[PDB]
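Q: Residue numbers (the deposited numbering), protein chains in the order written: chain AH, 1 to 138; chain AL, 5 to 129; chain AY, 417 to 553.
What follows is a structure written as structure tokens; I'll ask about it next.
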RNA sequence: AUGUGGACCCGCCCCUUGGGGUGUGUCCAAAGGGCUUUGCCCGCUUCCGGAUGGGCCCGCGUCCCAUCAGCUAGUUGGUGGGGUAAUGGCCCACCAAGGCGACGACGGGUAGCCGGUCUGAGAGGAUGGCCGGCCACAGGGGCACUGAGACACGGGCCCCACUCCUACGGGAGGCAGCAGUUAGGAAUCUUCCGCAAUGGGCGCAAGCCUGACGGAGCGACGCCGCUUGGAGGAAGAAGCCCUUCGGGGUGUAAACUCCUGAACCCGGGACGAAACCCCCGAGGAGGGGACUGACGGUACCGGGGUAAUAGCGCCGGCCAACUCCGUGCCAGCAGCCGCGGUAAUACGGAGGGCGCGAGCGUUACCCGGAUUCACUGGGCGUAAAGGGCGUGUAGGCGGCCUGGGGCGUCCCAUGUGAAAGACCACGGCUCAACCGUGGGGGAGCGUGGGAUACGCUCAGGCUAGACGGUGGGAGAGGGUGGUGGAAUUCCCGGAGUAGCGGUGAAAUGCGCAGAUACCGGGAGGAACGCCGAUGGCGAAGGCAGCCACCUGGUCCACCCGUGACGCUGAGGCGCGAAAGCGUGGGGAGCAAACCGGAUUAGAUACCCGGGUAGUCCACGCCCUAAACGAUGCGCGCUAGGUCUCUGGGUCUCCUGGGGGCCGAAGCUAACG
RNA sequence: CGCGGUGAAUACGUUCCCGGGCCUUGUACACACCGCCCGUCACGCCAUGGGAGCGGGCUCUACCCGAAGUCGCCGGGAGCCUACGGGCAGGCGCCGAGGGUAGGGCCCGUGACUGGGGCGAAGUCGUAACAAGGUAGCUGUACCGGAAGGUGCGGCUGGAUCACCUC
RNA sequence: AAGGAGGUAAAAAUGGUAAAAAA
RNA sequence: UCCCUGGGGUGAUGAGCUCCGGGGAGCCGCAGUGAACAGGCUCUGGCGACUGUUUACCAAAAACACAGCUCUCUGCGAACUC
RNA sequence: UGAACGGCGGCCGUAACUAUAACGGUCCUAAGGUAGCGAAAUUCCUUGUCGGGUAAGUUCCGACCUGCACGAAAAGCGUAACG
């Protein structure tokens, strides 16, 4: 089935990030490779590779965490706080130069797919090329 | 309503009703009148409040109230159809003003002389 | 019908505002605004101007009178409300003597307890229904 | 006539919608006036080019009601005509059936549109008056004419009203131009001055019309600036508010003090306007002199100098500010909640204090808070809300991979977006309100190139979705025909007799005319005991003895096939508890409506004896609900313990699909 | 009221009667069951639907008459110019504002009478719902009743616990 | 035998009593 | 009146003869289906549903009839009827 | 046994202006007229009261209902088509 394996991925991400499981798998595609590329490239996930399950190409992602605090329960804090799919298959966003997010007023990242490949906020802004606003993460 | 359904139909705008149709954009109308009576507010009151029927100058029999204590009015006055109900007289919309073409406020008033007629208490001393 | 009435009130709205004189004042006890003035031919011709160029259909009537009334004798009856209903009753056996007096005095009743029967909450209320059953003879 | 040229016609070269040339043949011109006259000024004739406004056309955006669903025969199209500056049926004729519509046609309510404007962080909502652009109207309607231009506000014709002048034969008139009357409404002004400045029409100029324009008047209607005073001034007079009789307040406020100095008096006194004009040169460029103010002697400059208006909402929480008498659910205030029903901080008065001050409250209209029609920015287990459930159209959207497209999209070049306002900057009036000037940001579509990441387009391909093959499998899953027993009422038979029945108690009831009870055989209908369950199947409503027939739904194993055939599905489709309806058959039990009985004040009800519709069959119609998992469907993801039904496997275990409960995380306002 | 001489029976048990306490539970109750709370009939006020119809605004079609004017043609036994070709005046013909007649369609105003709804310190009658509300509630429905309501067929929990078969 | 939960049988002769209100 | 023209028939698929038809201009009066046959129309109640039948010789109707409905009698030697 | 002949009551009181009577009492009988229609081919008072229609309307349509003396198959109601 699927209607955006992309969003289902970002979702499985949210899953792992919340349930705290060192890694999680998500099927093979160029675009997701680009995404996870961005993620690892900005100190978020823990890495990825072209794997296989049952004879079916997949793409697994290992993900980051932080230190274990005391007091209010042992729960260690998160690095990949949250991600939201912005340009849904109905919200086909088409940002450009003067546009483009500023994600948590400073930090964050705008993941956007443009004329020349998959660029981030500061990136695509610097490149002076825009396109679809994939998702947001911080 | 998934973007699509919102695009096709839409989300209809509030739309008022004017809970005070003195109408014409006119909130001051030339209150003729008929009847006086009394009536009462809910559970713990009892007073007077007229009913001034006014006819405005375009329709409506309303129930024009008054500015309270100190009236004469009889049956014309030009009760200036105003606007504002209370927990009394199931109407109290479109009040009366004093000064207008009749009433000129309470015989001796020291505050609400912005409706209650009385000019400038020039007690000559 | 009183629809033509406030209409004729506009008529006055240019009658009692052109010729000072007359007084268009309504008797309290009865309806109908009294057109008062100083002259037979006065009111007659003002009335001419009415059906003439203001055209009003009002069968020009005789002025009514403020009728009151009373009695002429001492009466004693039983005001017994021997009526239970749901259990709450609300019953009242009142025993009044009534006395009448001169055309011009005023209104009188007396704090008249035979000793101390009827509650003192009725003293300012048992007379009300007396004063109440008096607005209509 | 004169004919550079323009116009048509048939050809011809180039074009490409009627663009430009060209070969033949015919048509058209002209106005002259002035004078310093042999030359020029002003105008005239024929065409081409610009300057300038518009005509037509498309693209595009453009209020609401679906309770407005169909609309159209000048209607959609052509050929051939007519007309306009001209494309086109806009109109003639002739003709082929088409022209629009849920992308909301047709209808009708409503409405001038914009550059702009107020509010909200913004998205946007509402708005369009002064001003600037485009439109439309001329009392309503038709209508041409004139002409460069009109269907023409102070031009024409006609009908319609409507009002006026007359001698009543006849005739006139349009303030939606400008001041001013009246109707109207809560409300919107002077029956004014000058063409001095600019601008328009005409004249060679001098100049002329201009209620355009440029000025005063009136209204706190808006915004701006501004005086009513400074400074000394009491343990603080008195006047008045309050009190525990000590005082507290009012208030340096006042008075007394000195200082300045609105208003006002005298004097002088503007910019706003230098061109036009005559004069040297040539009538050109240039040079000189001279004329030209409505406001008004107002602005302003100098001097003389008077302390010289203060109000409006409020003091119950939102909302900043309380004390005293009265008033007593009365008089009354109130946007909300409410407050007073005889000691009101909400009424009403009086001192004080909160706010604002040439102003303050009131109402009305609009935007916000209202994230309270949510795009930013919401929701549908129980608050408002899943459509009773499956079907399917269009539509919406869409799996992995290669490459072509370059439509959506992104990039910079670039046209326009006027002016004005919005912003900053500089400036003008002695500040501001207000205006002078420079410059950039600017949506937006046009045109150029450029990127191809993503949707989509194109060709080819893959298996993870979907589907099919084969093979086993579970079931009260439906349509039909058949058949077993139990058990209720009933018919004949037989045997027996003092009651049964029924209930909280009783009674109506049936009974010696032989009932309730038991034995023998027959009738007939409807529903299935145990199994059997907290279970099974089904899309929902539903399904229960068992035989057989036809028949859908689905499950697992094998990886054999196809190759995205996909999820949902506004309408349309079908379906359906029980009741109910119709045309017929049938009725044992059952039972509303109806009757009796008891009961209670009442018993039209529950409780008792009867009895009907109906509950059954076929066929048709109705199609509703707590149709309830109150939870739409499809995919993937996020702990596991356990109870169980079914599919496969050598099996104290795994694994696929289901059915209950528990409880990670997570969610909720909470129960969950 | 207080004080004393004599001097018992009998309590197994919690089956049922009275009450309190505690826990559970239900809840629409909150000076709170001496609570709340629905429906007719009654009095008044306010729109509203309906209603023999009346009134009216817009618009719809077919047809009768038809001004000015454009256009089309004729200029004929005749009018005037004719620069004779024509022109002008005029003549008939098209469309045509307007009124007329009949029949629609839509909307508002409206009217004896009539349904219902709201409201208004306490009306009369009953007590259904909320504790099994004293008959478990609630609903689809069909018949009934002064009215709330009743009841058969069905369905639904937002219904029911000594203690009966499991989780 | 503990709870908690899931489907079956139980148990009320009748009850009318108002109200502006007091914090 | 005059010009134009379409198909059925008969004969042959036409001349003739026939049937039914369409268009365009044109002529005259008071009016052209020129005379004779030839329907006034609409609104709204009442009863009867409906076409009908009946008192020849006063009635045509709301009376009777009617298709339809219930009720009952009839087991064949029907019941009913003479 | 009532789509068999038939019949299908009366009086007293009671609604916090009044008027009304859902409501209680009460003698009677076999049982007290349910639905629908109603000044009717039925209504005496009657030319009832109201509304429309008209210059005026005992006629007429519509409506109210104290039905002298409508009403269930001697049927009640209503109905397009015919008369």
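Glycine residues also receive a C-beta, built at the ideal position from the N, C-alpha and C atoms.
#1: Do you know offhand how far residue 65(AL)'s Cα is from residue 442(AY)'s?
#2: Does the beta-carbon distance from residue 93(AL) to residue 43(AL) come in below 7 Å?
#3: Is it the case that the Cβ atoms of residue 86(AH) and residue 63(AH) are separated by a distance below 7 Å?
#4: Determine the chain AY residues that contact residue 36(AL) at a beta-carbon separation under 7 Å, and present them in chain order.
#5: Residue 446(AY) CB to nearest chain AL CB: under 7 Å?
#6: Which residue's Cα is closest to the Cα of residue 69(AL): 62(AL), 87(AL), 9(AL) and 60(AL)?
#7: Using a cut-off of 9 Å between C-beta atoms, extract the partners of residue 441(AY) located in chain AL.
#8: In three-state DSSP terms, what is residue 27(AH)?
#9: Give me the residue from 523(AY), 473(AY) and 535(AY) with the minimum Cα distance to residue 547(AY).
#10: What residues from chain AY crowd round residue 33(AL), counting only those whose CB sits closer than 7 Å?
#11: For the alpha helix (DSSP H) containing residue 548(AY), name the first residue and the last one.
#12: Kindly list the residues whose CB is nearer than 7 Å to the CB of residue 127(AH), restricted to its own chain and excluding five residues on each side of it in sequence; keep chain order.
#13: Just to confirm the assignment, what range does the alpha helix (DSSP H) spanning residue 450(AY) have?
#14: State yes or no: is the beta carbon of residue 59(AL) nearer than 7 Å to at least one beta carbon in chain AY?
#15: May I ask you to report which of helix, strand or coil DSSP gives residue 46(AH)?
#16: Would you give the residue range spanned by the beta strand (DSSP E) that residue 442(AY) belongs to?
#17: Going by DSSP, name the residue or residues bridged to residue 113(AH).
#18: Expressed to the nearest angstrom, what Euclidean distance is found between the alpha-carbon atoms of residue 35(AH) and residue 9(AH)?
#19: In the DSSP output, which residue or residues are listed as bridge partners for residue 35(AL)?
#20: For the alpha helix (DSSP H) containing residue 479(AY), name the first residue and the last one.
#21: Kindly indicate which three-state DSSP category residue 126(AH) falls into: helix, strand or coil?
#22: Taking Cβ to Cβ, would you say residue 59(AH) is nearer than 7 Å to residue 26(AH)?
#23: As a quick exercise: from 19(AH), 7(AH), 52(AH) and 23(AH), pick the residue whose alpha carbon is nearest that of residue 31(AH).
#24: Enumerate in chain order the residues of its own chain whose CB-to-CB distance from residue 108(AL) is below 8 Å, with the five nearest sequence positions on each side excluded.
#25: In the DSSP assignment, find the unbroken beta strand (DSSP E) run with residue 196(AH) in it and report its ends.
#26: Cα separation between residue 18(AL) and residue 132(AH)?
#27: Between the region 507–521 of chain AY and the region 473–492 of chain AY, do at least 3 Cβ pairs fall closer than 8 Å?
#28: Which partner residues of residue 56(AH) appear in the DSSP bridge assignment?
#29: Who pairs with residue 137(AH) in a beta bridge, going by DSSP?
#30: Which residue or residues does DSSP assign as beta-bridge partners of residue 514(AY)?
#31: Quick one, are the C-beta atoms of residue 4(AH) and residue 57(AH) less than 7 Å apart?
#32: What are the residues that DSSP puts in a beta bridge with residue 93(AL)?
A: Here's the rundown:
#1: 20 Å
#2: yes
#3: If you check the CB distance, residue 86(AH) and residue 63(AH) do not come in under 7 Å.
#4: 422 and 425
#5: It does not: the Cβ of residue 446(AY) has no partner Cβ on chain AL nearer than 7 Å.
#6: 87(AL)
#7: 78 and 79
#8: strand
#9: 523(AY)
#10: Per Cβ cutoff of 7 Å: no residues; residue 33(AL) is ~14 Å from chain AY at best.
#11: 544–548
#12: 116 and 119
#13: For residue 450(AY), no alpha helix (DSSP H) run applies; the uninterrupted beta strand (DSSP E) run containing it begins and ends at 449–452, by DSSP.
#14: yes
#15: strand
#16: 439–442
#17: 118(AH) and 132(AH)
#18: 10 Å
#19: 83(AL)
#20: Careful: residue 479(AY) lies outside any alpha helix (DSSP H) and carries neither H nor E.
#21: helix
#22: Taking a C-beta distance under 7 Å as the contact criterion, residue 59(AH) and residue 26(AH) qualify as a contact pair.
#23: 7(AH)
#24: These residues qualify, in order along the chain: 102, 121 and 122.
#25: Absent from the model: residue 196(AH). The displayed extent of chain AH is 1 to 138, so no value can be given.
#26: 34 Å
#27: yes
#28: 53(AH)
#29: The secondary-structure analysis by DSSP pairs residue 137(AH) across a beta bridge with 83(AH) and 109(AH).
#30: 491(AY)
#31: no
#32: Answer is none; residue 93(AL) lacks a bridge partner.
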